[PDB]
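Working notes, beginning with the structure itself.
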Amino acid sequence: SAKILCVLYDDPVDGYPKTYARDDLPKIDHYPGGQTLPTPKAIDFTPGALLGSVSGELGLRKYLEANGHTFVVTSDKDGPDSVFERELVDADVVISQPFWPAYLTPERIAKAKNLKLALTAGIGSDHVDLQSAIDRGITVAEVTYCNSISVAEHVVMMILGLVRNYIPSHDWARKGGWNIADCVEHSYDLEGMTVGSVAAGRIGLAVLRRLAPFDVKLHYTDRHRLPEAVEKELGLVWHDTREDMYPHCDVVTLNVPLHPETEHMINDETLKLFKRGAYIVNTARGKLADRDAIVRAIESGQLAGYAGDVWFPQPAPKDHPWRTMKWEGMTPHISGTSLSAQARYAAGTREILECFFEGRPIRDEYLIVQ
Amino acid sequence: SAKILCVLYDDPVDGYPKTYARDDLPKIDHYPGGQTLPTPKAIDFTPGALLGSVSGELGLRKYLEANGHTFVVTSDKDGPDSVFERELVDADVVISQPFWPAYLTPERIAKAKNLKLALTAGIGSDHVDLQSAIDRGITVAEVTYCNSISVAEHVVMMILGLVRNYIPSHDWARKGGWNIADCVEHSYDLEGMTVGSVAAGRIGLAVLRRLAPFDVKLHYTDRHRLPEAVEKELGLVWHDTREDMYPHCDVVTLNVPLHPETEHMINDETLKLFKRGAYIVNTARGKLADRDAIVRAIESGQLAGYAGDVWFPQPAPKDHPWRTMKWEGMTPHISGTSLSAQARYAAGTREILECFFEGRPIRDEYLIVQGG
Ligand code: NA
Ligand code: NA
Ligand code: NA
Numbered sequence: 002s003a004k005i006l007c008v009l010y011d012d013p014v015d016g017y018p019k020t021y022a023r024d025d026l027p028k029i030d031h032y033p034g035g036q037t038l039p040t041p042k043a044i045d046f047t048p049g050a051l052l053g054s055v056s057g058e059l060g061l062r063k064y065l066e067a068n069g070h071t072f073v074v075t076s077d078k079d080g081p082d083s084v085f086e087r088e089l090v091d092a093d094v095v096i097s098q099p100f101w102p103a104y105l106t107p108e109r110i111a112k113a114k115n116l117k118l119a120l121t122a123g124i125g126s127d128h129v130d131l132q133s134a135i136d137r138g139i140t141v142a143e144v145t146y147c148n149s150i151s152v153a154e155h156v157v158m159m160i161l162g163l164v165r166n167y168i169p170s171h172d173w174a175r176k177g178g179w180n181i182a183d184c185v186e187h188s189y190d191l192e193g194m195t196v197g198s199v200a201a202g203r204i205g206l207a208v209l210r211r212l213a214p215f216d217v218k219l220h221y222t223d224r225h226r227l228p229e230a231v232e233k234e235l236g237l238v239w240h241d242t243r244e245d246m247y248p249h250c251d252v253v254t255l256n257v258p259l260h261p262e263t264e265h266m267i268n269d270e271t272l273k274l275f276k277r278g279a280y281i282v283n284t285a286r287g288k289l290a291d292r293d294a295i296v297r298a299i300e301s302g303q304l305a306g307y308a309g310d311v312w313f314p315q316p317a318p319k320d321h322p323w324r325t326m327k328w329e330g331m332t333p334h335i336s337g338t339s340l341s342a343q344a345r346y347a348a349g350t351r352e353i354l355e356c357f358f359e360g361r362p363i364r365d366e367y368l369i370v371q
Numbered sequence: 002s003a004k005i006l007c008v009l010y011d012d013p014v015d016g017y018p019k020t021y022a023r024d025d026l027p028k029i030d031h032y033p034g035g036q037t038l039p040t041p042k043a044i045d046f047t048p049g050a051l052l053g054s055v056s057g058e059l060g061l062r063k064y065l066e067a068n069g070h071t072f073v074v075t076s077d078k079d080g081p082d083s084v085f086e087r088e089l090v091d092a093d094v095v096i097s098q099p100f101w102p103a104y105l106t107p108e109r110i111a112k113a114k115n116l117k118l119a120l121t122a123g124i125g126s127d128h129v130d131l132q133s134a135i136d137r138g139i140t141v142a143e144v145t146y147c148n149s150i151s152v153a154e155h156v157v158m159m160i161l162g163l164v165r166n167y168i169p170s171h172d173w174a175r176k177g178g179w180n181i182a183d184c185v186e187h188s189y190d191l192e193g194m195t196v197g198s199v200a201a202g203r204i205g206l207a208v209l210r211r212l213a214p215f216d217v218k219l220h221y222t223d224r225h226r227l228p229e230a231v232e233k234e235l236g237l238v239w240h241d242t243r244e245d246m247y248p249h250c251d252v253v254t255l256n257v258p259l260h261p262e263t264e265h266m267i268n269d270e271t272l273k274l275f276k277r278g279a280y281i282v283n284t285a286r287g288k289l290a291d292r293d294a295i296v297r298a299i300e301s302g303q304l305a306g307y308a309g310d311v312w313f314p315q316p317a318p319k320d321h322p323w324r325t326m327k328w329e330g331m332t333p334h335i336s337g338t339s340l341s342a343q344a345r346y347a348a349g350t351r352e353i354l355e356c357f358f359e360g361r362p363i364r365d366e367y368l369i370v371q372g373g
């Protein structure tokens, strides 16, 4: 009855795996704060499978095709002559992940005569023009909270790796070296350091909770201030402005969206507020940081480390300078598409498709516009 | 009137640093449990300096030479014709680190005609034959707790690195790729897994404490059970034996010393007790794990990852199989010699020498063998 158009990233270069490292995933009832994890009526995958690549199909093909539907899955999403744009003109449902996002521009939404549901397998909607969606009666939905914890682990990983000098030290072991002084001449303990978070939110609070037993001093800024009880339980020190926070911090982690007042918020002028040898971890948006200002800060020693999984442009060009600068701890944009996060937003994708196709309401927390 | 012989590791291959990444170190009041940090009357370094290499000299030379002493610093420590063994003959004090250890065998101790104090700039005395020092009246001392937290951070770092597939994902980024599916085909969240610790002394307990806000389940075993209040604060599950613990664990961190009964305690037979796709982190001793048994379990998928900073043999030979095996997260032996830890055991080394040379008692908690 319906045509479903689903954009996913490519399979591994060796091919889609047949077996995985483990047999299942740890059970979890809820997210911090009580939101229950996705609750489809069933799933047709084993949790832990690769669901976000083209062959994983978010485990939706059996359920969709048993019910008469057409299911189109592709990674060709860019430009007007992509499989996505061409297939889009009679698609009823569009599904993509933020890690390989199918943009629903105003022009593309106007091309899509049949579009009814725009589904983010993942979190957020800024690949969708919401006004155009509202004007066309298109519902936009997301699997809220599905990877906030995944990102938060990635951050703490990266903070430890930068402070302790993990990546270069590992390079000496893999290369057949030893070179103890070479490893540790840039290696510190995190204990006693001051970590500052720009924005709490789901990711920022999870990061702070996870840093707390490392005996760091915890500072943060946000637009609104955490409840007094949360601040006292975690020893949080509040700042009205990030510029007031920066001079206190050995580590600064960024958790804000990209807006006109956050674009290039880390630049040559604001980096002068940071302690010599400060560390920055950025899992939010690549353009929070002036690309070349970061390179210059690493080169001068204003920063002793930079790490994150977001770039600009994204995907990063092959010669993007953050790839090979000193004291980098980068990964590709992956933190929110760990296999654990995939199981949850695949499950949430199916749950929304079920509510949608059966005419039942979609969870309020999932709905962006309707 | 004293000769202090000090073995340290080589300087970095691009020279002793003139500039450091940062100007200072965080102040730390005490260790968990209440032990005070080292209390030398003075230090002649700025904390954060590279102290454990030949040119750092643990910041000791000005202090020793101003007091009429002879201070010999070398990295040449192995073999009968090395600088260490040739200078040992009349050394009053021997100082080395476990990261480049000057071995005080019975033979060398028999040849060290004036040896009164064997000082570990670090923790332990594995490289010192204690019966020979006891027989000879030689004081053996260490800088207790100086890097227990440093090891604990390295463990949690490495658990997160293994589970989330950090090292291959960073490789994709550094080589100019992107390859999201290649990164995440072996990437998981830690959240909700079961982590088991073999022993819960200073390191293991500090690991368990740092793991708790990751919402993992925390199991442990030890020769001596933790106090009930400690178990209840962290919700620890106690196991009578290592073998009772392994089947429950997604991640196993080894924090036990090397002994006859722990040697090769991870082996082809006990690995069959682990869950398929378990992860092992080992910052304790390389020979806790049968070298090739771990490689076989990686190739089998019995383990989804192995990481640590200790090796057998140590230093690891160029073609040590853990260097290039799949899903490895290794570093050289470095966790307990971060610059922060260096500052503390350099400070503690000076504190001990000051007590020693002034004929004042050395801290009980520093003494492995009292001597005189
Ligand atoms: Na500080
Ligand atoms: Na790929
Ligand atoms: Na003293």
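Protein chains in written order, with the authors' numbering: chain C, 2 to 371; chain A, 2 to 373.
Yeah, the Cβ is synthetic: ideal placement off N, Cα and C, and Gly gets one too.
Have a look at the DSSP bridge pairing and note the partners of residue i.
{"i": "residue 218(C)", "result": "195(C)"}
{"i": "residue 118(A)", "result": "94(A) and 140(A)"}
{"i": "residue 301(C)", "result": "DSSP lists no partner for residue 301(C)."}
{"i": "residue 338(A)", "result": "Per DSSP, none; premise fails for residue 338(A)."}
{"i": "residue 307(A)", "result": "281(A) and 329(A)"}
{"i": "residue 72(A)", "result": "5(A)"}
{"i": "residue 188(A)", "result": "In DSSP, residue 188(A) forms no bridge with anything."}
{"i": "residue 267(C)", "result": "290(C)"}
{"i": "residue 54(A)", "result": "10(A)"}
{"i": "residue 255(C)", "result": "199(C) and 283(C)"}
Report the residue from the options whose alpha carbon sits nearest the alpha carbon of residue i.
{"i": "residue 140(A)", "options": "166(A), 121(A) and 257(A)", "result": "121(A)"}
{"i": "residue 162(C)", "options": "229(C), 350(C), 308(C) and 10(C)", "result": "308(C)"}
{"i": "residue 224(A)", "options": "200(A), 21(A), 259(A) and 236(A)", "result": "200(A)"}
{"i": "residue 41(C)", "options": "70(C), 359(C) and 369(C)", "result": "359(C)"}
{"i": "residue 144(A)", "options": "372(A), 373(A), 72(A) and 352(A)", "result": "352(A)"}
{"i": "residue 7(C)", "options": "57(C), 13(C) and 29(C)", "result": "57(C)"}
{"i": "residue 279(A)", "options": "243(A), 249(A), 310(A) and 116(A)", "result": "249(A)"}
{"i": "residue 74(C)", "options": "131(C), 59(C) and 81(C)", "result": "59(C)"}
{"i": "residue 348(C)", "options": "12(C), 5(C), 204(C) and 45(C)", "result": "45(C)"}
{"i": "residue 330(A)", "options": "133(C), 175(C), 274(C) and 38(C)", "result": "175(C)"}
For residue i, is the classification buried or exposed, using 16 other Cβ atoms within 10 angstroms of its Cβ as the cut-off for buried?
{"i": "residue 166(C)", "result": "buried"}
{"i": "residue 78(A)", "result": "buried"}
{"i": "residue 27(A)", "result": "buried"}
{"i": "residue 67(C)", "result": "exposed"}
{"i": "residue 333(C)", "result": "buried"}
{"i": "residue 270(A)", "result": "exposed"}
{"i": "residue 301(A)", "result": "exposed"}
{"i": "residue 171(C)", "result": "buried"}
{"i": "residue 92(A)", "result": "buried"}
{"i": "residue 136(A)", "result": "exposed"}
{"i": "residue 20(A)", "result": "exposed"}
{"i": "residue 123(C)", "result": "buried"}
Starting from the C-beta of residue i, find all residues in its chain whose C-beta is less than 7 Å away, skip the five residues before and the five after it, and write them out in chain order.
{"i": "residue 33(A)", "result": "207"}
{"i": "residue 366(C)", "result": "36 and 145"}
{"i": "residue 317(C)", "result": "324"}
{"i": "residue 22(A)", "result": "none"}
Return the chain-ordered list of same chain residues with a C-beta closer than 6 Å to the C-beta of residue i, the five sequence neighbours on each side being excluded.
{"i": "residue 53(C)", "result": "9, 98, 338 and 343"}
{"i": "residue 357(A)", "result": "118"}
{"i": "residue 3(C)", "result": "70 and 93"}
{"i": "residue 445(C)", "result": "Residue 445(C) falls outside the range modelled here, since chain C spans only 2 to 371, and no answer is possible."}
If I measure Cβ to Cβ from residue i and keep anything under 8 Å in the same chain, skipping five residues before and after, which residues do I get?
{"i": "residue 241(C)", "result": "222"}
{"i": "residue 25(A)", "result": "47, 48 and 49"}
Practice prompt. Check each residue of the segment 326 to 356 of chain A: if its Cβ is closer than 9 Å to any Cβ of chain C, include it; give the result in chain order.
Written response: 328, 329, 330, 331, 332, 333, 334, 335, 336, 338, 339, 340, 341, 342 and 343
Worksheet item: Closer than 7 Å, Cβ to any Cβ of chain A: which residues of the segment 61 to 86 of chain C, in chain order?
Response: none
Worksheet entry | Where the segment 83 to 109 of chain A meets chain C: residues whose CB sits under 8 Å from a CB there | 100 and 101
Item to complete: Could you name the residues of the segment 285 to 304 of chain C whose beta carbon sits closer than 8 Å to any beta carbon of chain A, in the order they occur along the chain?
Response: Here the close residues are 302.
Worksheet item: Taking a cut of 9 Å between CB atoms, which residues from the segment 10 to 35 of chain C lie near chain A?
Response: 10, 11, 12, 13, 14, 15, 17, 18, 20, 21, 22, 23, 24, 26, 27, 28, 29 and 33
Discussion item. By the 9 Å beta-carbon criterion, what residues does the segment 184 to 201 of chain A contribute toward chain C?
Written reply: 184, 185, 186, 187, 188, 189, 190, 191, 192, 193, 194 and 195
Discussion item. Closer than 9 Å between beta carbons: that is the criterion. Which residues of the segment 244 to 257 of chain C meet it against chain A?
Written reply: 251
Discussion item. Along the segment 135 to 168 of chain C, where does the CB come closer than 7 Å to a CB of chain A? Name the residues.
Written reply: 150, 151, 154, 155, 157, 158, 161, 162, 165, 167 and 168
Worksheet item: Residues in the segment 44 to 61 of chain A with C-beta within 8 Å of chain C's C-beta atoms, listed in sequence order?
Response: Near chain C, meaning a CB-to-CB distance below 8 Å, the residues of the segment 44 to 61 of chain A are 49, 51, 53 and 54.
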